[PDB]
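Enquirer:
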Amino acid sequence: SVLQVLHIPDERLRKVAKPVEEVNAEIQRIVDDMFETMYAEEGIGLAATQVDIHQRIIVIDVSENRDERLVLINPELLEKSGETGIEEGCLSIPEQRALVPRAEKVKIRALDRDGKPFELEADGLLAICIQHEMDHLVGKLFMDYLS
Ligand SMILES: CCCCC[C@H](CC(=O)NO)C(=O)N[C@H](C(=O)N1CCC[C@H]1CO)C(C)C
Ligand SMILES: [Zn+2]
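Numbering (the entry's author numbering) for the sequence shown: 1 to 147.
1) Assuming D112 is part of the alpha helix (DSSP H), what are its boundary residues?
2) For a test of your reading of the model: does the CB of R97 fall under 7 Å from any non-hydrogen atom of ligand 1? Yes or no.
3) Applying the criterion that 16 or more other CB atoms from any shown protein chain within 10 Å of the CB defines a buried residue, is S92 buried or exposed?
4) How would you write the range of the beta strand (DSSP E) that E83 sits in, first residue to last?
5) To the nearest angstrom, how far is it from the Cα of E119 to the Cα of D10?
6) Would you call the stretch 25-37 and the stretch 66-73 touching, i.e. three or more CB-CB distances under 8 Å?
7) Can you tell me whether DSSP reads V31 as helix, strand or coil?
8) Is any heavy atom in ligand 2 found nearer than 7 Å to the beta carbon of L6?
9) Could you please give the first and the last residue of the uninterrupted alpha helix (DSSP H) stretch that includes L137?
10) Run through DSSP, which three-state label would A25 get?
11) So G45 is in the beta strand (DSSP E); what residue range does that whole segment cover?
12) Can you tell me where the beta strand (DSSP E) with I60 in it begins and where it stops?
13) Using 10 angstroms around the beta-carbon of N74, count the other beta-carbons present and answer buried if the total reaches 16, otherwise exposed.
14) Which residues share a DSSP beta bridge with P101?
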């Protein structure tokens, strides 16, 4: 159930996503496919732009517990701390994983695939991935700082 995934180079991956004022059934389908894809990609997280949606919608798959199943809509960063660097690849890139620097822990606000905006604190792999999707969907990508 994978939608249309955009690959680097791609304007939409480098495109800034806009966080919608309200979760529409169209927006819900977008996330639903985003996970469906991301998983189909076996990715630990997929960002809206990646799946061809120029809207700040993020879906996570970081086993921060027993079963992976994180969804956030129009997430925004609230706080970041610590400096990390870990290799990863992007659904847009052909699995070319590189070590990208991001904060060690970060707390961000988002709404669930159900349509309820809440604030969640992310640390480690959670904080890294969630913050990464924020960047990716805002058209910013780790490659922007790789060299
Ligand atoms: C909720 C967001 C979670 C982080 C997403 C990352 C990188 C990405 O493409 N973000 O848009 C991802 O899962 N990377 C995967 C991958 O290359 N690796 C393998 C190890 C885990 C992950 C990052 O290194 C690919 C398959 C999508
Ligand atoms: Zn990515």
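For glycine and all other residues, C-beta sits at the position ideal for the given N, C-alpha and C.
Expert: Let me spell this out:
1) First-last for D112: undefined, no H or E at that position.
2) yes
3) buried
4) 70-88
5) 30 Å
6) yes
7) helix
8) no
9) 124-137
10) helix
11) 45-47
12) 57-60
13) buried
14) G85
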